[PDB]
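Only this structure's heavy atoms are used, side chains among them; waters, hydrogens and symmetry mates stay out. We're numbering straight along the sequence, starting at 1. Whatever order the structure lists them in is the order used to number ligands and atoms, beginning at 1.
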Amino acid sequence: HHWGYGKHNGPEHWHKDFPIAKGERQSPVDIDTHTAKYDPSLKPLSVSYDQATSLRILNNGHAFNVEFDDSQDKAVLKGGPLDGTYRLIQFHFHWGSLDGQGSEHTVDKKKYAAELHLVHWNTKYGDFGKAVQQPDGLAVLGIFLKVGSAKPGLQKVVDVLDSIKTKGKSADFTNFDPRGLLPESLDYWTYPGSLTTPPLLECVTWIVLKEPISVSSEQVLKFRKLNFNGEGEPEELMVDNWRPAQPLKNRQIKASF
Ligand SMILES: CCCCCCCCOS(N)(=O)=O
Ligand SMILES: [Cl-]
Ligand SMILES: [Zn+2]
């Protein structure tokens with residue numbers, strides 16, 4: 001009985017195998033824009049994805065991951081609330097069964113159709129494994145997706161999804177440029193949190209961009225054709241793979257603008 005997003009293994013059940021689900025700095029959270037405070041101490045955020053090198057895409061039964069070669073100093077996130085350099089390891093999305101829901105973080109309780117997570121690990125810790133054992137081991141850049149005009153840079157991902165429909169499947173996915181998934185503005189909100197999926201480790205500095213990117217109804221509809229199940233199993237569409245907002249507790253959300 002593995003964790004998932006269903007009635008019997010969903011977010012409300014995770015705390016049993018992962019007690020930290022009720023921890024002090026869980027994610028996602030609702031971003032109350034009026035309570036968020038502009039922080040002058042934040043340095044300019046730097047997203048350098050020019051040398052990013054993707055390797056492949058995988059359906060892990062929860063979402064799909066576009067993984068990158070993080071063996072070298074390429075595709076890095078720094079500045080802003082971050083100290084040092086964080087390296088891109090993979091990105092994935094969380095989406096709903098309907099356009100009215102799907103995002104994990106919410107803005108003044110507003111739910112977007114989906115949310116993109118670009119995961120990076122603090123290079124001072126050697127690698128991803130050692131990083132998830134640290135309070136500041138990870139930095140996740142979150143980007144909201146709304147349904148409207150198509151996002152040209154996302155199509156390559158959309159078109160390869162047919163080959164990884166079920167859990168366990170992976171496919172070559174080289175030369176994908178994540179720069180094509182970024183909105184114009186880098187204005188953002190930031191706060192200390194956790195991974196939004198088990199093991200829900202609290203090693204994350206969240207950086208959620210204010211400006212959402214637009215994707216077409218057709219593009220998100222293809223996300224929804226994926227399966228949670230493995231090949232040859234009863235079909236359960238991969239939708240609503242998002243965790244709801246958690247208690248803010250002893251935390252303050254800072255704005256870069
Ligand atoms: C250490 C086990 C694997 C962690 C997977 C991290 C990706 C999922 O987290 S998220 N949604 O970006 O907060
Ligand atoms: Cl279900
Ligand atoms: Zn995520």
Handout entry: Non-hydrogen atom of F93 closer than 4.0 Å to ligand 1
Key = no

Handout entry: Side-chain ion pair, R87 and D127, N-O less than 4.0 Å
Key = no

Practice task
Return the name of the atom in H92, of element N, O or S, nearest to the Zn ion (ligand 3).
Solution key: NE2

Problem - Whether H62 and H2 hold their rings parallel, tilted or perpendicular, with breakpoints at 30° and 60° - result: tilted

Practice task
Measuring from the Zn ion (ligand 3), name the closest N, O or S atom belonging to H117.
Solution key: ND1

Exercise for the section: Could you list the atoms of ligand 1 found under 4.0 angstrom from a heavy atom of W206? Expected result: 13 (O)

Completion exercise
the protein heavy atom lying closest to atom 1 (C) of ligand 1 turns out to be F128 CE2, 3.8 Å

Exercise for the section: May I ask you to check whether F257 and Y38 place their ring centers less than 6.0 Å from one another? Expected result: no

Problem - Whether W3 and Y5 hold their rings parallel, tilted or perpendicular, with breakpoints at 30° and 60° - result: perpendicular

Practice task
Please determine if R179 and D177 form a salt bridge, counting it only when a charged side-chain N lies under 4.0 Å from a carboxylate O.
Solution key: yes

Exercise for the section: Among all protein heavy atoms, pick out the one at the shortest distance from atom 7 (C) of ligand 1; state its residue, atom name and that distance to 0.1 Å. Expected result: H92 CE1, 3.8 Å

Practice task
Ignoring angles and geometry beyond distance, decide whether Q90 reaches within less than 3.5 Å of ligand 1 through its nitrogen or oxygen atoms.
Solution key: no

Fill in the blank from the handout: Residue, atom and distance of the protein heavy atom nearest atom 13 (O) of ligand 1 read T196 N, 2.9 Å

Exercise for the section: Tell me whether the centres of the aromatic rings in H1 and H8 are closer together than 6.0 Å. Expected result: no

Exercise for the section: May I ask whether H94 has any heavy atom positioned less than 4.0 angstrom from an atom of ligand 1? Expected result: yes

Problem - Donor-acceptor side-chain pairing of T85 and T123 below 3.5 angstrom - result: yes

Handout entry: atom 6 (C) of ligand 1: nearest protein contact (heavy atom, Å)
Key = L195 CD2, 3.8 Å

Handout entry: Side-chain ion pair, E115 and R243, N-O less than 4.0 Å
Key = no

Exercise for the section: Measure the distance from atom 2 (C) of ligand 1 to every protein heavy atom, then report the residue, atom name and distance (to 0.1 Å) of the closest one. Expected result: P199 CD, 3.7 Å

